[PDB]
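Reviewing the structure listed below.
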Amino acid sequence: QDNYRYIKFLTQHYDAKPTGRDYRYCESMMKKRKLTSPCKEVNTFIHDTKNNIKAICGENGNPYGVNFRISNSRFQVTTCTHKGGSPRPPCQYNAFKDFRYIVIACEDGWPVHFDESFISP
Amino acid sequence: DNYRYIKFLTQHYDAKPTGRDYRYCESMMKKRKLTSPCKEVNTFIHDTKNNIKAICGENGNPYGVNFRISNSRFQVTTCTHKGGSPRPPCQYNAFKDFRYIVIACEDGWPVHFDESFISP
Ligand SMILES: [Zn+2]
Ligand SMILES: [Zn+2]
């Protein structure tokens, strides 16, 4: 019921209204979501409703690994990957658009972590 | 101007459904004022405005002469009127589905939902 980790998940991993989904999108979003001090190396935005993402914690997800959940359907996502090595802003990013399953961690029915290491079929 | 697009959302967009049963349809139809007279068939899409609009763009394909089919499945709830009276209160059966949807777009914006479309 403390919303802190859930809102943190949203800040870092949720954008219902993307524009472009190219490197410029990634570079502006990583800045707007304050993920640039230091440059976050890999960060994926999910483009769907809070309700549908939350449903991965319940009806619309399967157990994955010890504690994660995998979605039962694909989600629109944009993965921003840091380029150029240096961890100090300004931060340059490559942007990878995808429609794929996502793996998250849930706590008390809410998304609290995004598994950036998951490789979807 | 936004009129037909907003009208499309009023009748067919709900990012935050609960229940998705007869009660959901009966409250939503009333809330969206689709009850004077009772609308016979009406589908609510449970996804973002952006993703639905994308059916008019990259996440859709041409369908028929004037329509668009989504390239992926959407969570939907179809409300089908029952009881036989066009007057409030309007009663509904709910059908939850995860399916392709067909819409009409105008200039990149969704303006109608094809209730007659039968998805694989
Ligand atoms: Zn939305
Ligand atoms: Zn009827």
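Protein chains get the first letters and strands the later ones, always in sequence-line order, with residue 1 at the start of each. What you see below is based on every heavy atom in this structure, not just the backbone, and it leaves out hydrogens, waters and symmetry mates.
- Under the 4.5 Å side-chain contact rule for hydrophobic residues, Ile6(B) and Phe8(B) share a cluster.
- Under a hydrophobic clustering in which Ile, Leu, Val, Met, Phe, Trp and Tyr are joined whenever their side-chain heavy atoms come within less than 4.5 Å, directly or via other members, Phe114(A) and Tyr14(A) fall into the same cluster.
- Cluster membership check: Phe96(A) does not share its hydrophobic cluster with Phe118(A), using side-chain heavy-atom separations under 4.5 Å among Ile, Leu, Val, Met, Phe, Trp and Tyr.
- Within the 4.5 Å cutoff, no side-chain heavy atoms of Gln76(A) are placed close to those of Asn50(B).
- Here CG of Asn51(B) is found 9.5 Å from CG of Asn52(A). Values are rounded to the nearest 0.5 Å.
- Separating the CD1 atom in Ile46(A) from the OG1 atom in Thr48(B) is a distance of 12.0 Å, to the nearest 0.5 Å.
- No more than 12 heavy-atom neighbours from other residues, nucleotides or ligands sit within 6.0 angstrom of CZ on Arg87(B).
- Residues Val112(A) and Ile102(A) are members of separate hydrophobic clusters, defined by side-chain heavy-atom contacts under 4.5 angstrom among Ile, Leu, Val, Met, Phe, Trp and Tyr.
- No donor-acceptor distance shorter than 3.5 angstrom exists from the side chain of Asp48(A) to the backbone of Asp47(B), with no hydrogens or angles considered.
- Taking NZ of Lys17(A) as the start and NZ of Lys49(B) as the end, the distance is 5.5 Å to the nearest 0.5 Å.
- Separation of atoms CZ (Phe99(A)) and CG (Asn71(B)) is listed at 9.0 Å; rounding is to 0.5 Å.
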